[PDB]
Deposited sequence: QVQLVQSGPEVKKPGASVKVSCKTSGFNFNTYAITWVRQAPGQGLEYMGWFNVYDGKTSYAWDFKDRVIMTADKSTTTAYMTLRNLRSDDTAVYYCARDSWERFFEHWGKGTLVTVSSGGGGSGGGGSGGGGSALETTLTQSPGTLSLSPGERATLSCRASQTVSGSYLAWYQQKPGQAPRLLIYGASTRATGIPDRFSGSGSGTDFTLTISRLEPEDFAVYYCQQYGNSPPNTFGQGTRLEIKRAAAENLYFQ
């Protein structure tokens, strides 16, 4: 049910990168494919979505007429091509299953690229707590969001985000009860009770229902107390 991305690139400015995404799990056809990037010491930016309709390309306001989205139904390989590259385009480029109306539950390991309206989501900082404590994480949306389209992701350094909550309060696969989900229009909450050492990562919230940008929050660093 997992997917394999291509190799990392060390391209030059003005030129173009070409990242691939082969899959194996279940009918690549009916399932949507996204490209999300992560700038150095920065948040996650969604670029585009893809089905089998092939005319279901769809890109965010920023990136339009610069990002080319492709997919091959037979060889189950999706692609991402970014033209006129610059210093700010240096990032790890992730491939993930599903975009609009569907939470990103499966992600690729992300290949590195180095160069040399919007529903705004606001999270609550850096937090320092000890194992055993309760963590209350916030999400303020610039406008009201459905409920069906709010999702929480956990990210450890060196690896891809892991879907924790989808549909504001439904736990993803393998997710324990100590992780409890949000509820509202603008005020969303992620509560981590019985805090375990493995729960110390960066936490992201996402808005994946309507608005062409398909946005993520800035991230909350959940740290262990002292130093």
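- For this chain, the deposited residues without C-alpha positions form the stretches 1, 118 to 135, 247 to 254, given in sequence order.
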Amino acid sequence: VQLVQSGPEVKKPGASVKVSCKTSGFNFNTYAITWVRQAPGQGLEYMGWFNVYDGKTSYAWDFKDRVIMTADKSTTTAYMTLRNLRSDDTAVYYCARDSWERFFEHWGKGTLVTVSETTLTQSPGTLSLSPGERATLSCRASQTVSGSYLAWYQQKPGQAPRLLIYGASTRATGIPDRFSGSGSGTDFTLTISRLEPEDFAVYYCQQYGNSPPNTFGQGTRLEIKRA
From here on, numbers count along this sequence of modelled residues.
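- Stretch comparison (154 to 162 versus 46 to 54) by mean CA B-factor in the PDB entry places 46 to 54 on top.
- When 217 to 225 is weighed against 4 to 12, 4 to 12 comes out higher, by mean CA B-factor as recorded in the entry.
- When the C-alpha B factors of 37, 64, 171, 194 are read from the deposited coordinates, the top value falls at 64.
- Each of 100, 79, 104, 93 has a CA temperature factor in the record; the biggest one is found at 79.
- Sort the modelled residues of the chain by CA B factor and residue 201 lands in the lowest third.
- Annotation for residue 74: C-alpha temperature factor in the highest third relative to the rest of the modelled chain, per the entry.
- Remark: residue 190 belongs to the lowest third of its chain, ranked by C-alpha B-factor as recorded.
- When the CA B factors of the chain's modelled residues are split into thirds, the value for residue 184 lands in the middle one.
- Residue 146: CA B factor in the middle third of modelled residues in this chain (values from the PDB entry).
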